[PDB]
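First to last, the protein sequences are chains Y, G, D, A, H, C, P, S and U.
Take the first sequence: its position 57, counted from the start at 1, is 57 in this note's numbering, and no numbers get skipped.
Quick note: to get this note's numbering, add 1000 to the position in the second sequence (first position is 1).
Quick note: to get this note's numbering, add 2000 to the position in the third sequence (first position is 1).
Quick note: to get this note's numbering, add 3000 to the position in the fourth sequence (first position is 1).
Quick note: to get this note's numbering, add 4000 to the position in the fifth sequence (first position is 1).
Quick note: to get this note's numbering, add 5000 to the position in the sixth sequence (first position is 1).
Quick note: to get this note's numbering, add 6000 to the position in the seventh sequence (first position is 1).
Quick note: to get this note's numbering, add 7000 to the position in the eighth sequence (first position is 1).
Quick note: to get this note's numbering, add 8000 to the position in the ninth sequence (first position is 1).
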Amino acid sequence: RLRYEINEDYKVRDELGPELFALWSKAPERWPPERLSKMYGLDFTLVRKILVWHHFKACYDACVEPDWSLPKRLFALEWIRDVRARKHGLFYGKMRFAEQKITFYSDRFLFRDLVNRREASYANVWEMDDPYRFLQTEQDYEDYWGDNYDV
Amino acid sequence: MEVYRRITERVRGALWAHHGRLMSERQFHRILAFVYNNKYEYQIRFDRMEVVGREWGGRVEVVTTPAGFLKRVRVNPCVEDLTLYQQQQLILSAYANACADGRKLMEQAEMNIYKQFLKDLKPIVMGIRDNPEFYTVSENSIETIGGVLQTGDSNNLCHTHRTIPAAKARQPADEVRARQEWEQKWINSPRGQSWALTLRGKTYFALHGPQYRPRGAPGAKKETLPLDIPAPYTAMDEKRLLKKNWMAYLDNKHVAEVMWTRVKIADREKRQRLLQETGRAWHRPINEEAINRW
Amino acid sequence: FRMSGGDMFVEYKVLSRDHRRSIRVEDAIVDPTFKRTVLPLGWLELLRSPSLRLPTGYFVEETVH
Amino acid sequence: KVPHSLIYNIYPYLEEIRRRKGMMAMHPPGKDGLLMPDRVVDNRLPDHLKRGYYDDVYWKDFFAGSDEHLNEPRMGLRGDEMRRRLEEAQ
Amino acid sequence: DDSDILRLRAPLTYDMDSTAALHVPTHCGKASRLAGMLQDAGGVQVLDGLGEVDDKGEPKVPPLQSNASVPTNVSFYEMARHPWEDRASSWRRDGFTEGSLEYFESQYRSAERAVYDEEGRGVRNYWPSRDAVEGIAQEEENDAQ
Amino acid sequence: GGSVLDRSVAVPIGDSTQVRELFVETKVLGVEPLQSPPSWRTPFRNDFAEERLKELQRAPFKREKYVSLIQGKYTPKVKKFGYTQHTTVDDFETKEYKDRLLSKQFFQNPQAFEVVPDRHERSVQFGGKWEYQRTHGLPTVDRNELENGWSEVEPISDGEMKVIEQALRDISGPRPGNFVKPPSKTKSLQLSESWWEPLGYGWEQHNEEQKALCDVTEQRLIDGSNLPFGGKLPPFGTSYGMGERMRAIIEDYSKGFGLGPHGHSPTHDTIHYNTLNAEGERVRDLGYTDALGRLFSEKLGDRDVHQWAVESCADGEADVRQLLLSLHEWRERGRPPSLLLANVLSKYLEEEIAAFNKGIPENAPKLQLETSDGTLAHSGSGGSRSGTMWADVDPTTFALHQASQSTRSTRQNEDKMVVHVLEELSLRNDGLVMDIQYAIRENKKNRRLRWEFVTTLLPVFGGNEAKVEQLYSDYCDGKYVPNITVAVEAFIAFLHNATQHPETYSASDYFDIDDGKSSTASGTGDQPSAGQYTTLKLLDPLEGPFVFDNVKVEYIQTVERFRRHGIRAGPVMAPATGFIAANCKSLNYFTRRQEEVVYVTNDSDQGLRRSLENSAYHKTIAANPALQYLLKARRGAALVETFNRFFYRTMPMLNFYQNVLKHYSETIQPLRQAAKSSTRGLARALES
Amino acid sequence: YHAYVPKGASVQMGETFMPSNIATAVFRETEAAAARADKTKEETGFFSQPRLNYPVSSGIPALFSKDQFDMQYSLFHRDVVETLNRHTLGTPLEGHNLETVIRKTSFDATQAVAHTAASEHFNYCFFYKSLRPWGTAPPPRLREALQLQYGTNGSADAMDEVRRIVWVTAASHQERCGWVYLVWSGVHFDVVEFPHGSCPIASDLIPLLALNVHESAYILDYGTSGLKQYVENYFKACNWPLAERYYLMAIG
Amino acid sequence: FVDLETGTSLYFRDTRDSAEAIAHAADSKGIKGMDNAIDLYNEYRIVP
Amino acid sequence: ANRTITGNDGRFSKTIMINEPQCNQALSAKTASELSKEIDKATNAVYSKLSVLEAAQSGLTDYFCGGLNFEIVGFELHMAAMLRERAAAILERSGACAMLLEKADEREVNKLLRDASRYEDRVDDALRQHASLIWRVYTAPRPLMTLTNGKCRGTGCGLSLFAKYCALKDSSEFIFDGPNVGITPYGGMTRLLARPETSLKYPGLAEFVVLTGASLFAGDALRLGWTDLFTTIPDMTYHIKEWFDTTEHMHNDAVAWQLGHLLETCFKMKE
Ligand SMILES: [Mg+2]
């Protein structure tokens, strides 16, 4: 009764060996999620999910403890959206679709950001994708780290 | 991105067209991923250096990383007296000639990447055409339900090329083994003994000896025989799918077929354009029997 | 992070709390003989960004031997 | 119009717009990716030629029971395996 | 006058025609962005006699040179290469455990030189006895022992 | 280590005494800073002594058999890709890395490292609840060595690129089976499903194949009446959907793809193929058959195929099995006949082909068997080789069609020239001759080899390029080898013409040039170092004599790897070519006569020197400072090497044919033994 | 690209041998071709020439040079069709089968144009369909039929005898304008000679093989005295199995 | 959509100028943007 | 803000129409720099499968697009020349960026010169904005179809011909002139005329059109292979709109087919 599974192109068995583990082990900063995400023909949420699982499998394999901040780092936008949603509608959990705003944007709504992105420039590639480019104001840093009482 | 993905789809499609082999989506994407990461590496190293564009005389100087980023601008006090508009245009044109030099560099780099990529495709591509069963017919020969009809004209103009020695197989592997046989033959000779003490010799041993790489040093530590993936003799993704679920089989073979068709259409478009440029073809269909009469 | 002469060299980026102002340092010794990290006094005014939560740039400003 | 809820889908697109600067935007000079066929290639061989063609690369009698790769599917076969075919036939 | 049309072909300087060169795509994207980039670079620097040549021809305030060169060690295919065999390809192959493969190949070799010439005469026989075909290798038993 | 970072550690050379007594020459270059050697070149930071002791203690184990302790296990175990268990590659793992890693792993859990493990349970942790921040991941390599230390990549040339993309544009040409899939290849569907086997899917096709091509003693016939739906596809709304998904699978698997004769997909919107079975009828009235096929089946008549084969081969002619095989594959399963079968049929059927060819007008297609061109594909000859109207026909369909015709019942020996050898060998090696001939063709196509031959032999005759061209074409076939006299004065003429105006012959024929950037003390190597011609350079592998496109890439890589690093061996070294002796008036190579052919060796010389010095050009050549090294070298073999190299790069095919005859005289008698033995085999088998 | 390349031209690989002059002359020929194609699209009538099942870019093997066959196909036959179209429009015969034109114009002097053109159209068609390029060996069943009639105590004597009677019939038609058919009367075989502008369907026979005895057929190759050689070659190139399946369909 | 051949030519419109698609001056080589697949599995979903 | 450029948006399609019937559709520097905004903001929009640029003409004008407005350019060039004149007049009146020995004269000379250079800066801006506009059309990320209805002067020629989808109606026309107004042609069409293709098909045509100001029409632009597309259908723009209203998905398979089918059924001349 369990015999078939959707999406046969990527099997869980084959993702047990994590990809390019002999590289991003040795300098995990030079390896943002993008470089690896070009490997999978799936959508965004799925491939980031998979990358998280890779990191964890790798860690358990090498007998060291995994970065638990990693899921928060890859999903950072989703993290902050959930934090601010939780503060807005007063609840604890993860925001689901029914509770999204009903605003209807115009067709060309993204233009300003589009020309801002298209014309961006970066000194090195680390600046291009650092994990923290999501954050500008202090409110951003206060929402991103509220979890670790250390930070 | 584009130039690569076109060639990779060429490979996948051709792989299924000529033999019944499917390439795993996993594999197809991981090729491209390797190209991408190559480019990324070249970027990493490209940002450590700077390119200097210069406008009028030397009195407008612009220092910019080849990626087009701007680091410094030096200017003569002469410039300061112009106009805001002309100052802007001047600096902008210096920046442009900087981006030009940088882009020249990068384009050499990219040519290099393309070469490495091709070299990595070669065991697959030459995997499919180097078999005793592989063949092609000319594109202008009619195809009918039994088989393919003979092109009539210029019985001199059709030459069938053959990639394989028809007598006993000599594979690329035998050639590499021949190369290291000659390496050792040269080294172990007296004249080679004296050569191995030269600077040329030690350059050769530093680049191309892997065997002497100390434990933990980057790079391959043995010399590798060239990969052999003979296409009709190696089952790849179709057998796993056929065992597991028929539906994914039909879908993946469908994808390969579609890609092959698409590639072929592209080749027809390029052919058509090259035919029009040289004036043998008109700009609208003038011959409709070549289409409607089937 | 790189090695020479027996010790570590690390690049880092110093920043105010609101990340308005910043300074890069290329090769810094990682030395665990310092209980607390030391900077040149001049940077104190360079790194002071008086935000809303910290009306004066810093939360703690005192004098130590 | 675009619903507020569905905009996240545009993100990866918008992302590699931002990230396309530098080498990732670069295409190989001279190469379009569209390679037209020019010549005609056929490597096919008469059966007696391919009987021992792959003996050195692989074992002898490489094409043995292969129906697609041989015009005579039964050649090179030892008697037993020849008998098997009829055995399942009757 | 012909010399005047000869003059037209010369590239644009700012000394003659007082206009900067056009180069179009950079002007298209970055024209409105320039103030930003400039102030990111900490403004311009007004120096003195940048492109101004001295008495004997030497540059006054020596000009800035580009360090840029095409890096030659950077192939990624040898950076991440096959996990056990050292090959530089991108091709994913599931190999067999070394030492499985060795044993396997050994017993095959034995079995086949057992079938094809059973009497060790040395020539290939396509009509083998029923005892040599369905017969088990004694090497297996000997290995158990 | 190839690298910028790969320099060694500080090493001792002794006091002033031992240093002056060590070094002979010392040349200095400007001061630049000291880079610390990387971690893997550093002996104290890299010591593996513990692990090497572990290897050695386990070393006697490595010398015994591998034996499964499950007896009756044969199949190998699969090791999958990317599993941590199986990774052998250490990129940066030094003793340093292995120790940092060891320690981190130990403080993760200690109970992994105990021989008898105690209970392992998680306790609190001293850094905080977030301590993982200060702990996690694997030890990190220093980023300087990550970035900079990597080997120097071996430069890929444009030659190997053009080869690869040639192979890339070879595979993009169409295969004849894909647009309209033959009903023969669409019977092959098998699913692992429990509903697929009960209904024999391709049963009517498979039945047809069996009945037509197989003897009734051995055939299995599927009956549709007993099959689930009556061996059919059920009417639409009846079958609960079994039938519909049946149809879906079939229509999806049987669909064609790629481009058809009208240049479009089979599924294209407005334009269609096979309208009203217009192609079906086009096969009906044409049919697939050779003219040669029916001429043969006419002359042979009734009598036994095998009998005919024992006849058409006398004992020493050819293996009967070979032409039996090729005949079977040609008659049914219609194929192009192998040049073996074509030679046999040529000397068998000559009067029927003569009679078929005797009336034809001038500009109309004749019927001819001549294999002078390497390849067998009968799209290559214009279809005029056999009587075929088709480029290709898939075997199964051909066999069905011709079986729908009721004809068959289903229910001096010593001295040889090169031409003599190829026509004799044409019977006993199909493939070898096929190769020689394909190669000959490709060499005839090069403009480059032609231009070399021409411009080399022009000065000797000095005359008509008509005679030189003729001699070129005759040289191609082995019908001409140059006389050694002519050879020597051609070489001389070359040195002259290349010296007097250097521009043409240093931009076309290549000499290696001296690098004054490199200076050491030797008498040969100094004349190699400044302002001289070091070596005579052979043609690049793209413009050279023929090599197949399997190996062309590796051939290229090897040529470059060897030229760059100054390796003299393999394809770079030129084989010594033979010529016709001075006293001998013979035009060609012969299998038996070895004294007609003369080699110019280092030790035994052909008078190249005495012919050089006594030549009228000796002083104008002595003028060139660059040639002075190739004239006089420590190795007196400079002249011999220049000579042999010259005639290899100019006239490659002398060595080609020389090796052909070499091989012939080597392997011929084994082949005659095989032939006679097999033929007599079928002979006594036949009469018995 | 097939649609865009004109009717005659062959689409091939550039060898870069073209000087700019002839390279321009070609484009001009293509422009002209486009113009004449636009006018032939409107000159198109009801009937048209048959598509050939076999490539004639080179000659028909053992029979015709390229120029011979293309002087039949693209010269005489297409004229016949232009005539046929001119005279079947504006008449009661508009838009009917080739048959119902042949059969309803039979034996009348007034419609002789329509009938002649029609029957020539059919003859040429059937002639093209009667030629298989490398020839074929006559099938067993047809040989059995023919033998029962023509054969006198010899093996497939019927084949030599039929290809003799065809020769004789051809030589015995003096005018050199017409056709020779091997046909089935419905009760027996025979070889009939039709004059120009006459057809086997008009006489209600069933045609098996066609041979073109017009002098315009063999003139460029075999000259004026070469008819015997011509026929002899025709049998090297003829199509028997067609004749057979027509015979068997006629019988049932 | 895919079955009807129509519109597949449009992936390849850069071929319309031969000396350009070699030169790569324009960054748009593809239907929706920079290349034919930038994001295949993401973009299209923005339609309700 | 100037009501110079106007637009019509369907669900999946976008119409940008240039409205300047008075000066014969000759774009100013401001209006061009504006068009390069509306074009790429229409083209980089999320839902646009096709962005159609055409000329909005109430029947006053038969031009699709003019060149630079030569009246404006001529005007301010003349002004600049006049200011150089006065400045030279007073420079040689006192002689009987200019540094002098008198403060009043330095004052007014420098004021004059500065204003002159500002004028010239406006001309230069005009040229740069037109050229960059052409580039914008050339590099448009999503498909931009330029319907050419009526005549084009030089930079207008550029604007219509370099869109990857450039359609010609019967009324379409190209005038590359301006050696007749005493200037060298602009708009990049020079490139098209110099392609080795044009030298093959029509040797000499390049000199004919560049020297002699001479009009090329739809047939000539088709034979030269400057564009693939031509149509005779009334009010094509409406039909494009309503066709892309009935379309459904955004996946590039769908888009490719919808656009392609549109092209084949109308703009390619099959029938
Ligand atoms: Mg904004």
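The beta carbon of each residue, even a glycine, is placed where N, CA and C say it ideally should be.
- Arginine 3018(A) has its Cβ no nearer than 7 Å to any heavy atom of ligand 1.
- The beta-carbon of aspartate 7014(S) is placed no less than 8 Å from the nearest beta-carbon of chain C.
- For the pair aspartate 1047(G) and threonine 1065(G), the CB atoms are nearer than the 8 Å cut-off.
- Per the coordinates, the alpha-carbon of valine 3002(A) lies some 51 Å from the alpha-carbon of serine 5157(C).
- The C-beta of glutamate 8(Y) comes no closer than 8 Å to any C-beta of chain D.
- Within the same chain, Cβ atoms closer than 8 Å to the Cβ of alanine 8206(U) are found at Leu8193, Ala8194, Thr8198, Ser8199, the five residues on either side in sequence being excluded.
- In this structure, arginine 112(Y) has its beta carbon less than 7 Å from a heavy atom of ligand 1.
- Spatial neighbours of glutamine 5085(C) in its own chain (CB-CB distance under 8 Å, excluding positions within 5 residues in sequence) are listed in chain order as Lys5079.
- If you draw a 10 Å sphere on the C-beta of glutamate 8248(U), you find fewer than 16 other C-beta atoms in it, and that means exposed.
- Sequence-distant partners of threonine 5042(C) (beyond 5 residues in either direction) whose C-beta falls short of 7 Å from its own C-beta, in its chain, are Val5009.
- At the C-beta level, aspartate 5514(C) and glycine 5531(C) come within 8 Å of one another.
- For chain A, the residues of the region 7-41 of chain Y that bring a beta carbon within less than 9 Å of one of its beta carbons are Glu34, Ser37, in chain order.
- The beta carbon of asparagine 116(Y) sits closer than 7 Å to at least one heavy atom of ligand 1.
- DSSP places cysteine 6125(P) inside the alpha helix (DSSP H), whose first and last residues are 6112-6129.
- Taking the C-beta atoms as reference points, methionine 3023(A) is found nearer than 8 Å to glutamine 1043(G).
- For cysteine 8166(U), the uninterrupted beta strand (DSSP E) run begins and ends at 8165-8168, by DSSP.
- The Cβ-Cβ distance between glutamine 5111(C) and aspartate 5118(C) falls below 8 Å.
- Of all residues in the region 102-129 of chain Y, those with a C-beta nearer than 8 Å to a C-beta of chain G are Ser121, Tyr122, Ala123, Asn124, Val125, reading in chain order.
- Taking a 10 Å sphere around the C-beta of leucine 5168(C), we find 16 or more other C-beta atoms and assign the residue as buried.
- DSSP, reduced to helix, strand and coil, places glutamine 4045(H) within a strand of the structure shown.
- Contact between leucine 5495(C) and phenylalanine 5511(C) is ruled out by a C-beta separation of about 11 Å, above the 8 Å threshold.
- What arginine 4033(H) touches in chain Y, judged by beta-carbon distance under 7 Å, is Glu119, going in chain order.
- Against chain P, the beta carbon of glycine 5359(C) has neighbours under 7 Å at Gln6229, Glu6232, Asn6233, listed in chain order.
- Only residues of its own chain outside the window of five on either side were considered, and among them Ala5399, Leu5400, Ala5403, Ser5404, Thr5410 have a CB closer than 8 Å to the CB of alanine 5212(C), listed in chain order.
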